[PDB]
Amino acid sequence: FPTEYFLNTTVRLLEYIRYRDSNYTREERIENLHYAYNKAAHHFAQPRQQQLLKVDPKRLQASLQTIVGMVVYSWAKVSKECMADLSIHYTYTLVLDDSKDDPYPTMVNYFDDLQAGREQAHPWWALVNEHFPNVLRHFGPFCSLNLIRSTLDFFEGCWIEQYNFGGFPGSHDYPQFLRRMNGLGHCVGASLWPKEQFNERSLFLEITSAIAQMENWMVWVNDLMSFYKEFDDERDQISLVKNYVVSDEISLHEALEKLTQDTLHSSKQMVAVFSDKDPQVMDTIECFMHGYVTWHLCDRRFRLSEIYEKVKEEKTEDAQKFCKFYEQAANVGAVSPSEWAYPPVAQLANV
């Protein structure tokens, strides 16, 4: 693991975007986390959900807490109900995100069943499409369409990843093709605009623009931040950075530099474009960018604490800047699970 370069790149990003999280007071944070967790926990504990969603209890629990954090930390302006419903949707996607399964058999009659209104054969689709209305009720038709497309894309992306194919050497378009596919970019981007707070028709151009630009910023930031948890992980391996290596036949070092440059430029344009636009829009965008980073630095899923410990000592400016940022984020989002994530889904299921 290029620890030395991981610190280099991460520091460049955090410093360039001027990472800082003022999204909530600690009381507000805990309050939202618990609300979202509580509703989702009861949802996933239902027998039907327990029966069709094939996932290890411990894994479901960890996935739910990771997503509640992501939603609460990054969608700081939407209502508690919206955070909760979104948390359920993104927990379904995270579960699929780490899974190993062959969709082929259950996708043979996908369209015909869809058109006829018959329950989907793939259990994931059966649960996701049944729950979807609870998510879409928060948005106008345009944003809703984006959520639907992006989730369908994501499903295809996880399907492709099952083949552990990083692209044919020379297939330069493959890496980003897959990343957009599995990125859930338009879903995340469009889910930032609840109709309760934003009028889809009045802000059509800014929202469309935000979806287009946020898609890349969002995915790339995760490619960089999650570069650590991914790397020695089997389910991953097939990633933008590693596919850049195989497909464009370049060095991991160059791949990371490529990713970092794109990310910095994406950040740059986010500012240029939205700085002088509707204040409410800029506010939501800012809350997302900052909270999104706080989430990557704190959440267990990305285990960046491991890199903190190993680097906490050595003083190389680059290593010190990382720990500073890591500490700053921890001071805001390092909330203990016992303060909000209870009771466990399992306990509610066996009730």
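Numbers follow the displayed sequence, beginning with 1.
Would you determine, from the values in the PDB entry, which of 151 to 159 and 237 to 245 has the greater average C-alpha temperature factor?
For C-alpha atoms only, the mean B-factor is higher in 237 to 245.
183 to 191 versus 168 to 176: which one carries the higher mean Cα B factor per the record?
Between 183 to 191 and 168 to 176, it is 168 to 176 that shows the higher mean C-alpha B-factor.
Of the options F44, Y35, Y308, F288, which has the highest CA B factor as deposited?
The listed residue with the largest C-alpha B-factor is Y308.
Residue with maximal Cα B-factor (values as given in the PDB entry) among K324, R300, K54, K315:
That would be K54.
Considering every modelled residue of the chain and its Cα B-factor in the PDB entry, is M218 in the lowest, middle or highest third?
For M218, whose C-alpha B-factor we compare with every modelled residue in the chain, the answer is the middle third.
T260 - which third its CA temperature factor falls in, relative to the rest of the chain
For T260, the deposited C-alpha B-factor lands in the highest third.
Using only modelled residues of the chain, where does the Cα B factor of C143 rank: lowest third, middle third or highest third?
For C143, the deposited C-alpha B-factor lands in the lowest third.
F227 by Cα B-factor - lowest, middle or highest third of the modelled chain:
Highest third of the chain for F227's C-alpha B-factor.
Which third of the chain does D98 land in by C-alpha B-factor: lowest, middle or highest?
It belongs to the middle third of the chain when residues are ordered by C-alpha B-factor.
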